[PDB]
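Visitor: Submitted below is the structure of interest, expressed as structure tokens.
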Amino acid sequence: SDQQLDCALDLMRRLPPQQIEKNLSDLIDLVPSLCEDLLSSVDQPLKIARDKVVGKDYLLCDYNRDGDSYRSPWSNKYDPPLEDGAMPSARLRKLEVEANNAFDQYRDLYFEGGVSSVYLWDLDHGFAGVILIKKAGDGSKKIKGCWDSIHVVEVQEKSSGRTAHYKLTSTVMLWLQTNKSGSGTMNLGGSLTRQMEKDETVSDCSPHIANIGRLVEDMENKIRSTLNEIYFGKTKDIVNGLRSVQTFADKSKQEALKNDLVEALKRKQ
Amino acid sequence: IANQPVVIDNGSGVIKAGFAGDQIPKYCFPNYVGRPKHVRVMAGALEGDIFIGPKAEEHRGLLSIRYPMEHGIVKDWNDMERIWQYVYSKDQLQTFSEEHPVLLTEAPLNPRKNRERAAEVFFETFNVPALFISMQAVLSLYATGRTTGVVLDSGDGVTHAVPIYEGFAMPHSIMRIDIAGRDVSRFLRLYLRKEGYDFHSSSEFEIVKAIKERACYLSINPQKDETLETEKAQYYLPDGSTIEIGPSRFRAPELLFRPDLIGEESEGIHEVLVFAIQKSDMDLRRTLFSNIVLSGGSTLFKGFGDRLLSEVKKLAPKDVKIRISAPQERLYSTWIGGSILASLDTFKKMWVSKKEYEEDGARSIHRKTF
Amino acid sequence: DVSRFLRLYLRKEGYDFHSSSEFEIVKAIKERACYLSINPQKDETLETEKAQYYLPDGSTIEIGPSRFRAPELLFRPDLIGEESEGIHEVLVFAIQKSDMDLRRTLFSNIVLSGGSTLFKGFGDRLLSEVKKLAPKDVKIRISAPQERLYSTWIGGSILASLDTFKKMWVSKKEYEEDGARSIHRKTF
Amino acid sequence: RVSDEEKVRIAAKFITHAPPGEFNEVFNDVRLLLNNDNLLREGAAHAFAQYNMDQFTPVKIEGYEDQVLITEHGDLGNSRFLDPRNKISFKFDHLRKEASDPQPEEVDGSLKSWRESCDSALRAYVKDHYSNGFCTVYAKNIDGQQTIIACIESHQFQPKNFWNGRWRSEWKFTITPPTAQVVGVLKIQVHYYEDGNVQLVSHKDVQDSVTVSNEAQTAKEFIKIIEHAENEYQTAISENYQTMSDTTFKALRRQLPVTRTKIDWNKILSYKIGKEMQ
Ligand SMILES: Nc1ncnc2c1ncn2[C@@H]1O[C@H](COP(=O)(O)OP(=O)(O)O)[C@@H](O)[C@H]1O
């Protein structure tokens, strides 16, 4: 049933990014023996939890999925009440609380709201973390958007000397809508994923978390940019290439002179 | 009229013009209008109060230099009319603006209203018999003679990347960002203020422009060069003074690669070129990566193409053929291509005739020009 | 510089002050005999009451028009012969060269400080000038606390008295290790 | 465990959301997955009928070289859509994508004059603004009302360039003679997946009216309303793409912060910015 899995992933690849959760559950309802085989490479939105003791929010994924509970980084507690989970290193717990702090600053600077979370775990010669960012559109506004970001980062620290090897994998799951009069309703799905790795020197002024912050910042700038120009301009190009606004036989004139100049440019070769 | 056509390049900082057929243009003057600051008292002083060309360059100490074209757009049509009249004055053409064909370049993706008002000016004020408008990229590839390629030119007001296929600019993949050499000059002025040598005057701003054009190079290492302590290469002011530039002669041209230094939501020139090629189809990426021409005046920095090659290696796909050509006639590639497109026999049908415009309007030009 | 230009105008009045220890008397005159005209030109086309002034020497100086045109320099540095801008243009350009999403918030919060903001009719003229340069129907609000001379010092007293200041300074050891680059590194 | 009757709703859900030009691939990924061709045979057959009747599927007519469109508004049961052009009935295999039985449809006669009239005017319009367009006009005396259901469809299926797109357009030319409230819809679905995944889904609920003055006048006038709304809609869509870096995305994620600078991570981590003080 391995070909069945390949076609299943391609089906999710071509599936409409509006009902990712429901249709993923449906596809799992086909072959439930292949269920938690798909929940590793099928990108879907996030789940907002609620830290009761702190009064914050924290997102849900597999990295915080300790057993079947979730480690709330604002409290380092598990919900459902599992007092047998895998607590992170106390060292990494302090590094994680400052990580959550720095990314709250990051999130507030670019997203001006939204929910974020940064979990962490070990490595033999380093550590690794995940960065969840979920920005839903302004509910008051008509723009029904939902920015979703997941950043798999793996700090492969070298021997000593404080130089590292920062491996990072990201993912953006966009969502957009406008109920504008000129467009009626213009829905706009979309999703990206990239990888980047750099070896920035670690120091007392340049900790690991700062290097990760620069990488996440650059990565999201590239993804948002890349999206907006390449992919969205590509869609605009497709709509313009399908139907043209200019009347034909006028386009035959401009394309006529265009082919004339094609002959002119390829005439003096 | 059956006479030689006049090719005009509306440079954002340096307007280049002259009759077609000529290879190198013999009439080049900057794009600004200066008015006298001080009050004239003595009789027999200068006459005119509006200086353009070499007169403005000689009397910089009197004129309050202002620009009429910022970021490709025209913000003062009176000044552009005066500069267009100066092109036909007794120092650049010594002819009329109503008895010759006229070729006018423009930056790509410009607003419709600019072409509209330019047509209004060139057809009502000047009674131009033949007027044709074009881009500043098509002409550069025409001058280089290549067929397909990506034009990365940088004027004093814009840096646009245009992938051209067989002599035509694909409108579906033109990239344009409002950043250029003038903004680098302003950024450079800010660093000079951060060094002591502050030049807070427009008549003194061209000295900063000369500093940009003479002692500014791009650094390959964005951090090792940043942490250096250079030899502080001196520069002589136009009076006899000295400026120890130091650590700001390279940070100032870095604006063209990251516009975050000025705080503007855009992308660097290398990223602009990457997106300009990736917006196009797969069928030409291998050829466009091997066909890049660095036109434009602002692309003359010492080490611009080298750092571009390094950044494209960091952004383009796996070890693809990255060929970037550096023509020595970079400053006038667009004008040379203008002479090429103007001296064509087929050119007798692309210009919008005077009667057509006067009886139809600019909409007819938009339905006819390209 | 306003005092310097005032010295020039006092010379044009006829009273000469050129000694270095007399330039201070010119500063004293700027501090207690100048004001800002609301209308910059309508008041210039009139003859004021020409109030007197008592020098430390005991003489008497009638100023006249050299009291409102002297601090006019701040709003027009053409009088000194310079292509710079006025104060109002510094505010409007500082606000407009920012994110468009913060312009209203910045126009609703303007704070003055520094001793030159103590002239009579300063804030009122600044409001008029900014209204002429700001876009229509945007609430402009200029605050002017009573400690404009002590604003930066009181702010220093609040900032340095915090526990985060320990981590905000530059230690002597650090300066001996890195050098001036450590200061430019931790300049904020 | 899930029953078999729910698999019909599952396959229907996967076919009714298949992007244009990618139906066969959804079929392969559902054939090699549902494992019972009988269940998806009946259920998915109805789903195929839906997916091919709603999206104005391009069907080839081998006799007259026209490539007519199958619109939901015309059928006689066993894929017996009535081709208005050439007055021929036809069967069609939704999977084979090949029509069958070009029997010369003995149409009862509803608005055949309007059918080819507005069809002709729309053929001119399609040949004017649509590159690979296709027109089809259904004439029907629906529930005691004469109507024209002019449909427009254009598409580009380029799998080598990893994209698709199918401009679909319907115009219920309600022939309510005193006031033809021509209300239709222009739904668009565009997919692009080169090194990623992007889907554009839109539609404009066009609403316009005109009195049915004459036939040729309302034919070309129907084209006038059509050219108006379509030029308007395509242009407006392009400018929505133009104003997206600063408005829609800024609702989601800004390009640069409100301070227009990068993040001094060394500053935030080294000390608290003064957020504790207000
Ligand atoms: N040696 C140089 N180094 C850096 N910039 C230069 C040099 N020489 C000329 N320039 C730049 O050339 C620019 C002129 O723009 P230009 O390309 O002439 O506009 P256009 O291409 O629209 O005519 C100025 O910004 C100036 O900074």
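Chain D is numbered as in Swiss-Prot; shown residues: 7-284, in order.
Method of determination (from the header): electron microscopy, 3.5 Å.
Cβ coordinates come from backbone N, Cα and C, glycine included.
Dumping what Swiss-Prot says about this protein:
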- D:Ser9: phosphoserine (MOD_RES)
- D:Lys19: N6-acetyllysine (MOD_RES)
- D:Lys97: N6-acetyllysine (MOD_RES)
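Buried or exposed, and what's around them? Tell me for each listed feature.
Guide: D:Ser9 (phosphoserine) falls within neither a helix nor a strand when secondary structure is assigned with DSSP, and so counts as coil. In this chain, no residue six or more apart from D:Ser9 (phosphoserine) has a CB-CB distance below 8 Å.
Taken residue by residue with DSSP, D:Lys19 (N6-acetyllysine) is part of a helix.
For D:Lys97 (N6-acetyllysine), the same-chain residues that are 6 or more apart in sequence and have a Cβ closer than 8 Å to its Cβ are D:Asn84, D:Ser85, D:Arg86, D:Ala105, D:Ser106, D:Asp107.
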Visitor: What is the Cβ neighbour count of D:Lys19 (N6-acetyllysine) at a 10 Å cut-off, with all protein chains included?
Guide: 14
